[PDB]
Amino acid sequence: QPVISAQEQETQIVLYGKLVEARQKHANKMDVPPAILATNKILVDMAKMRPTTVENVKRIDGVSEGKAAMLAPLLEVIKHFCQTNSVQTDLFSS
């Protein structure tokens, strides 16, 4: 019945919270509402699929090329978090 591990489930929740804060942080810097920078739905997808690149984050529903550039600090949060812990990134069919 379950598809992911209990640890994967934890990881996604923890990363999601880091992305929420990162979203609030940068959206402020850029003078955009956080939801305009990235919706919660986009943040969930980023927590599950964990892109670390502009090309990979463009593979997420709702992310354009120019939006990908705006989401760059969030990609940094992902790659660092996954490095510190020991978690696979870029879960795409590549």
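Numbers for residues come from their place in the sequence shown, where the first is 1.
When the CA B factors of the chain's modelled residues are split into thirds, the value for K41 lands in the lowest one. Sort the modelled residues of the chain by CA B factor and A27 lands in the highest third. Ranked by C-alpha B-factor against the other modelled residues of its chain, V3 falls in the lowest third. In this PDB entry, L71 carries a Cα temperature factor that places it within the highest third of its chain's modelled residues. The entry lists a Cα temperature factor for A35 that places it in the middle third of the chain's modelled residues.
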